[PDB]
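K.L.:
Structure, please.
(chains A, B, C, D and E)
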Amino acid sequence: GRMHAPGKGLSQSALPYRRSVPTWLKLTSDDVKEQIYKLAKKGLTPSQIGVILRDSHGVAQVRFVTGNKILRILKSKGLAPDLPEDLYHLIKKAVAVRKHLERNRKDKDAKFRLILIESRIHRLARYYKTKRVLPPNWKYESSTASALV
Amino acid sequence: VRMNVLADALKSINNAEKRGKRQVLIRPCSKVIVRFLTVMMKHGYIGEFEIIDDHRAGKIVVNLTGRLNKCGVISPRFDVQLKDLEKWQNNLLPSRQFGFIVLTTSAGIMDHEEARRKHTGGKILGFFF
Amino acid sequence: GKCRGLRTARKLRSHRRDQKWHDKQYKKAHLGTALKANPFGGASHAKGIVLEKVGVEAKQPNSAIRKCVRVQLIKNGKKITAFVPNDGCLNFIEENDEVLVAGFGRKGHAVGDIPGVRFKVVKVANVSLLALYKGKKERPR
RNA sequence: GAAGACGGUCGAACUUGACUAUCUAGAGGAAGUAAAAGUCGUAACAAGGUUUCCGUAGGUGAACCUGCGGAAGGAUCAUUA
RNA sequence: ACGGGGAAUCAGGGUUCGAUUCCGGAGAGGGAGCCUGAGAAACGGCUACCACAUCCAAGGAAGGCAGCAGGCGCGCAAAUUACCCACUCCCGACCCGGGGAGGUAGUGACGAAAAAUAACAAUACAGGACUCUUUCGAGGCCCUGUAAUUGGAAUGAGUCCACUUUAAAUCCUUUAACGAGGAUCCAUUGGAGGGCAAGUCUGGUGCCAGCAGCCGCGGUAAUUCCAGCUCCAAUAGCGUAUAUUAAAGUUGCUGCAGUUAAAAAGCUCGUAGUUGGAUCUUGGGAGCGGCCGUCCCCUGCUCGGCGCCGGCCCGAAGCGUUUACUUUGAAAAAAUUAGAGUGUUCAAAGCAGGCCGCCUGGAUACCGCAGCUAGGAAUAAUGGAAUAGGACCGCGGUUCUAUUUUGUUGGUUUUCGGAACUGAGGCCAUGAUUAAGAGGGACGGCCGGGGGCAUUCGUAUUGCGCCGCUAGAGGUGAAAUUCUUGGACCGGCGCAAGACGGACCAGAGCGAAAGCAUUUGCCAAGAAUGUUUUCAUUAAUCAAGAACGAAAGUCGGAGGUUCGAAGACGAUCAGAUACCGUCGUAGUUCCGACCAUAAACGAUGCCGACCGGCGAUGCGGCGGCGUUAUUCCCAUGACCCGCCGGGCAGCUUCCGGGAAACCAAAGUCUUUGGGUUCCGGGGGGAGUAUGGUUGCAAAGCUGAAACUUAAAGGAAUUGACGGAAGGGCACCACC
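P.N.:
Numbering: from 1, shown residues only, chains lettered A, B, ... in the order given. Below is the structure in question.
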């Protein structure tokens, strides 16, 4: 069951049993990391990196090929973003909605969906403060939000 | 959401045996389910089972007789002294002649009758008869 | 119970505590309003002084005249219509007599045919109304 | 070394006013409940003779009536290329 | 409301009580202040004030029973103005005195224990064993029961000498004498319709009197009243009123309920609260009994004893992830409770007792929680290294520091111990469990009357103008009001305004709910599917707080086509402030601000798991003969046949449940425990009064009590009934 919907969807990605790398994949773990760096430098998220990789370069899971996963490869060298991509995207969506709702006070549905998105943010913020990957001093305020692109 | 995985298991193999199934898939898996089942097996209530290893939590497939009248969880896992264990088997089993409260002691997950002779109480997991 | 948490003692106790007030038998005993408005002030019996002898018309079905006695209670100064038991026992009650008065049986609820009379007369002038009815004691005058 | 006095201190009490917990008197008003047979009707139960009911308005001797939206607990589980 | 030890009840949980003899506290009419003393804020000490009250030669003096008696008062409610220090202890200078503390009697149906009110025979009698008889009857060797029948034998209630008892008595025990046939030395209390044991008896009354906890009885054969006889129940007791416990699974932790009986917030977000996925050690070594059973072992570094040529085996300290949990240990006043022993004559009790000077007891258990202790490490929480200030290693630098140290005594820095700051190397297999049929986020092509802003269209309606022809038109069950030769209604062309979005339109879709339907564009949003993308427990539900919230209604604008609360009429009618009709203001519409409610309904909280079958439909995806279109193949649409997920549904089934109606959920519930929120407790009074709070108002949210009541209610069955539907019959119906 979804967080802020009645939806009981089951559209999950389903990894195979065999964590063992396939045969055909000729790229060594280092050249995969080198290509991950090349994608990160272009300005892509670990989500967008992983998609571009498995599509055009036949690398199912970076964790399967290498040891580690894409953010931890970004983070080790310091190509990772300061605030997480998923909490970035909710703040990005909240600034989009709030801009729409500046000149559309009639749009009561928007206003309700804003409160649902605000709740997704506060909920993730609270999680990342327990894991100290955000400052304890940090708090998403909608007036301070437009600077956080 | 799913919170007591041992509840999902015992209710699913209870539902299944009431229906008359020869075996039943119980599609999350924990070490506590596996110890509980081995206790039900040692007293011959269920048949020799099978733990399917995916690389997540397992799935178990449990051969059934028609001996298991009911298995069940006690949630929450109440603490049971050796004093109190009479009052549980008094109100939670269908007789003194059969039925077994499983309770997780320090010694290990086991029936109430071994918790007597080992002289160790602990937390009631469930029961079966 | 609808919260079987191991750490839920106060919700379960504090709910039960709150929902006991929705019981009648509890709400009655555990407020002053039932014990204050009680004409006897929570006492079993009560001596009072007859100020008139009163015929009360029985209920809808059956139809006699129930011979009760209007009483000024001593302790409170409160007004009570109290029934007089067996056949021809209102003949034993001179006016301005100190009568000992009990409940009727239903813990301050109206009994049988008698509308809003919760009390019976037990003794009259400190002589028992059963003893007068059986003729064992004679009325001291 | 007694009385006694000044000052401090603890502080009962008293006067004055306000705040206030309970009990009691109350012209009049306005309810409710209980009666064996009061008056005007017939609102409701049968499509109860305008289907009933909900919310909200206004109105009227009275039950009530009417507007607007809703419900079936409807008097239709259906009405035909 | 003094607290506790405890009391009652009691399946297991509980509920109620504890003023009351033991512990601790407090106070001496209310407050206050203090003297003495080791100890007092003392009151059978003092000092004031307040209240009350005593004596008075009227100047003054004296008071504190919530000590023992006793009195008044208050009440439903509670005893003698007794004897005694002999017991128990206490005080004193004290073997010696004193103690209303305490003991002993008196009153005492609070309550508890034991336990008389007759037993036995002979007779009439009757029922049941047996030879015997069809039936009767015979016998009673065997029984058993009843008659104010008779007969002795009984023993204490009482009376009473004596002893014993005891401070002196009393009671008890012992014991002379008296002491029983209507054993008058006289058993009551409540009942006898049902619940509920026991009269359809007799006399009286006649819905009166009365009974009656409830249902009911009473109006002339009363099983219920008032009595008589009789019978029942408990019995020296039994009834009544009231609190309270069980019964009450009608407060529900064990363990209740919430579609319709009372009950799920209108809907969603949301913080504390509560609950929270899987995962991190196992194999064997040693030994016994007849392959299976029961045991010991699978952390490491300062001080000495089973020994040995600086250390090997082991003993005792001290550091050792932190908690819950379980088991053990210490410790925890008695009295009570359980309980061991023990003939108080039995018993309640008691703590004693037993043996021809001796022996023996005065045990033991339980004492939630919190605290202390030591094993176990399953379950649950918590932890450690991820810009490496990370281990385990040995090394080289720097600030301050025990002295064993120069034969005993003058100046030192050192090794050495020991602690900080810090530089490099090696070494670690060097450090990140998995990626939930949990969740978020990205991505992809879709999808939808989802929302907003704008744009656009369509008839129709009303009004207006023009043209035509004619007298009616509207309206109703029937009429009337209204319009109308100043041309209405009608027909044709236009114009204007404001509503509204037919048919397509579905048990179809979307939305949290309320809600959402002309075209087109913009705007952000969204579920579902697809995914070998990413984060990696981020979650579920939720007091506080919050968003949205039909219609009506309120305030200020704009507009006013239709419809139409109020109102004006016109009918119907007995009346008709209504249903019907013609006008018709507020309103209906738009904008800004309130209001926060609906049968806001699936009358059904949300999340999760599991348990039937079937064909449909909507969205996405995937696969498969064929037909058709873009024809020129493709690949996409449209059908076709399947599968998968998610959704709105439907049919069916003895899954199972339920009071049923019914429900694939309302099931997986006495075989009762997956998580969590709200909420119900017979009907009324009442969603009322009152207080708060929100609102301009209308009102909303929270919300009693007195009092009243034996039912109100749910589902289903049968009948009657209908101003419901259909079928059928009849010249007591019609044709």
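K.L.:
care to break chain B down by domain?
P.N.:
Taking curated CATH domains as the domain assignment, the ranges for chain B are B:1-68, B:69-129.
K.L.:
Mind putting these into CSV with mean neighbour count and distance to residue A:68?
P.N.:
C-beta coordinates here come from the backbone N, C-alpha and C atoms, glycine included. Written out in CSV, the entries for the domains of chain B read as follows (neighbours: other C-beta atoms under 10 Å in any protein chain shown; distance: least, C-beta to C-beta, whole Å):
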stretch, mean neighbour count, distance to residue A:68
domain B:1-68, 16, 18
domain B:69-129, 16, 37
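K.L.:
Would you convert these into a markdown table that also reports distance to residue C:41?
P.N.:
Written out in a markdown table, the entries for the domains of chain B read as follows (distance: least, C-beta to C-beta, whole Å):
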| stretch | distance to residue C:41 |
| --- | --- |
| domain B:1-68 | 55 |
| domain B:69-129 | 45 |
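K.L.:
closest one to chain C among the ones you listed?
P.N.:
Taking C-beta to the nearest C-beta as the measure, these were each checked against chain C, and domain B:69-129 came out nearest at 3.9 Å.
K.L.:
got a list of contacts for stretch B:91-107?
P.N.:
Identification of contacts with stretch B:91-107 by C-beta atoms under 8 Å, 6 or more residues apart in numbering or on different chains yields B:32, B:36, B:39-40, B:43, B:69, B:74, B:77, B:80, B:85, B:88-89, B:109-113, B:115, B:118, B:120-129.
K.L.:
returning to what we had before: of all the domains of chain B, which one is nearest residue C:28?
P.N.:
With C-beta to C-beta, the closest approach to residue C:28 among the domains of chain B belongs to domain B:69-129: 33.5 Å.
K.L.:
So what's the gap between the closest one and the chain middle?
P.N.:
Once both centres are worked out by C-alpha atoms, centre = their mean, to the nearest Å, domain B:69-129 turns out to sit 10 Å from its chain's centre.
K.L.:
Pull up the distance across that domain, start to finish.
P.N.:
Start and end residues of domain B:69-129 are separated by 6 Å (C-alpha to C-alpha, to the nearest Å).
K.L.:
ok, now stretch A:15-32?
P.N.:
Across stretch A:15-32, the terminal residues are separated by 20 Å (C-alpha to C-alpha).
K.L.:
That stretch near RNA strand E anywhere?
P.N.:
Yes: using C-beta under 7 Å from any atom of the strand, we find that stretch A:15-32 touches RNA strand E at A:15-16, A:19.
K.L.:
out of the domains of chain B, which comes closest to residue C:69?
P.N.:
Across the domains of chain B, closest to residue C:69 is domain B:69-129 (C-beta to C-beta), at 55.9 Å.
K.L.:
Could you verify my assumption that residue C:50 touches residue C:71?
P.N.:
Yes: the pair formed by residue C:50 and residue C:71 meets the contact definition of C-beta atoms under 8 Å, at 6.2 Å.
K.L.:
Residues in contact with both of these two, list them for me.
P.N.:
Looking at what touches both residue C:50 and residue C:71 (by C-beta under 8 Å, 6+ apart), the common residues are residue C:99.
K.L.:
ok, those two, which is more surrounded?
P.N.:
Taking other C-beta atoms under 10 Å in any protein chain shown, residue C:50 and residue C:71 do not tie; residue C:71 has more neighbours (26 against 23).
K.L.:
Can you name the residues that contact that one?
P.N.:
Applying C-beta under 8 Å, 6+ apart to residue C:71 gives the contacts C:48-51, C:79-82, C:99, C:101, C:119.
K.L.:
filter the contacts of stretch B:91-107 down to the ones close to chain C.
P.N.:
Filtering these for proximity to chain C by C-beta under 8 Å from any C-beta of the partner chain leaves residue B:77.
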